[PDB]
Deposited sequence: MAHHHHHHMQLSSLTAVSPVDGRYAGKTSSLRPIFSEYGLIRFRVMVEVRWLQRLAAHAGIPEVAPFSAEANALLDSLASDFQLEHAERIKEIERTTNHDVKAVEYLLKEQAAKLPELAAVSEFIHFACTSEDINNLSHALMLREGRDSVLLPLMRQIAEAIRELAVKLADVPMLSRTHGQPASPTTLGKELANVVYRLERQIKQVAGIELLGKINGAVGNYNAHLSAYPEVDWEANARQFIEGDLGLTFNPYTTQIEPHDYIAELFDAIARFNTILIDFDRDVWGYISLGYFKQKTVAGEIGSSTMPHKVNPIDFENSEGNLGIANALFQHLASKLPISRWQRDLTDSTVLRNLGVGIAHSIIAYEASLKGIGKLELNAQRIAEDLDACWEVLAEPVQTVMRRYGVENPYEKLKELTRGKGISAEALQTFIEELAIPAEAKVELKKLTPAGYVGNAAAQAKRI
């Protein structure tokens, strides 16, 4: 027992490293995925709902707002104040109901202007709490994806592309099963990663972010009891697609079913898996000495600690993404509430991802070629030239090729190759090209593929 007094929350004392050691890397998510962010977006959705009712000619009891009333509401929806989130937390100490606390805050703000007080009972009109929550979650995911996550993903792809093109012509021994194999270029091996990452970026950006607004159980019961002549399905689709810029989900229960969150998180996890592969392969190239790493003055160790930090955080991110994708879309009957607490972690997998992306970018920026080590391994591996000799022998039908090639590989050297080539019953132009071969020259079209990535 090493007991300790209570400590106030700071980045030093935060239990999770998302808000702790890595707070500086995750702070852009605080307006989005925190409880403040959830409250902010709940208030936005409530305000826009009330404004939609005011504009709706089928809802005469909410008349179109004056500029002054709109200005108050627009300030809540687009210039949200921390003091209101603090008040909502205070109200929640009584209600033990977080969306009801948002409602009460909005009624308190509406009370201050008579035009808004007169329609205060239309705040949240016919809504269930999940009508507000699901639209908040989609807006949070849209903001986190588009303004924080995707820019960093594209930064990684472009930083690796720059190196792929720079290093396109640098021949390098390949390793399969860890053992020497036909050469490539270092730029080609980096280009391969760019191509994979960009496929997943396109998939991440393409996921439709679904929303609904349809009352307690999905069927607009309360809406139709009060306003049987209003087309509430048309209103909902216009609100969600037009007013909010999301994609409409026409069939739900109390909750939006969360399949699109699984789709999005599965796509981010696939990007992260490619980046784990990259972090490990580059750790391996640095272990071989093929890359060296720039140092920063005053720092104390060069070890690839940024790639290692990235790899560790991508694993955590993907574990969380896998859990949320597997668990969120199962909900008992017209819903159970186990998803609410889980959805408070939408930002946590994204946080571990962007921590890793910043770390991978830092590691990439330190990479410098060590051409001497790359060339050392290549020039010590004339054995890679058995394959092209064998393939040319096959083209031209050289007799007893297995025995014949074994005369060379019992082994290969520049001089032994020159001698062996002249023994072969192949045309003169075939000999000219084989005699030019060196390990570093036997790269196929790696460089051309790399340059056009």
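The chain's deposited sequence has unresolved stretches at 1 to 2, 304 to 310, 420 to 421, with no C-alpha coordinates there.
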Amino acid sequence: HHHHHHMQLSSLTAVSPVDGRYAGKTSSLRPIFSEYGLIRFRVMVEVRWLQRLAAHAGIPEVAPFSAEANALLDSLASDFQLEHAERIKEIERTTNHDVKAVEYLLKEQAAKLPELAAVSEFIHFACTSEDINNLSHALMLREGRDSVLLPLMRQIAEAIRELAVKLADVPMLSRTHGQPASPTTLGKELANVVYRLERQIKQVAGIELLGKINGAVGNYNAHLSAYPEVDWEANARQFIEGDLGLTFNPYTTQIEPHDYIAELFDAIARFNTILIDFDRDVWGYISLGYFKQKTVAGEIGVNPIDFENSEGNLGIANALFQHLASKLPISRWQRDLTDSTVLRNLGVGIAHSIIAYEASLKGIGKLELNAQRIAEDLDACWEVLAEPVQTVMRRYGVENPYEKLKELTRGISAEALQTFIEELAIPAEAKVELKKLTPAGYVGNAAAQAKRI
From here on, numbers count along this sequence of modelled residues.
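Look at the mean CA B-factor for 385 to 393 and for 22 to 30 in the entry; the higher one is 385 to 393. For the pair 119 to 127 and 179 to 187, the mean B factor over Cα atoms is greater in 119 to 127. Between the residues 82, 354, 262, 140, it is 82 that shows the highest Cα B-factor in the PDB record. Residue set 146, 229, 279, 339: peak C-alpha B-factor at 229 (per PDB entry). Per-chain ranking of the deposited C-alpha B factor places residue 420 in the highest third.
Residue 65 sits in the highest third of its chain by CA B factor, as recorded in the PDB entry. Sort the modelled residues of the chain by CA B factor and residue 430 lands in the highest third. Remark: residue 365 belongs to the middle third of its chain, ranked by C-alpha B-factor as recorded.
When all modelled residues of the chain are sorted by CA temperature factor, residue 301 is found within the highest third.
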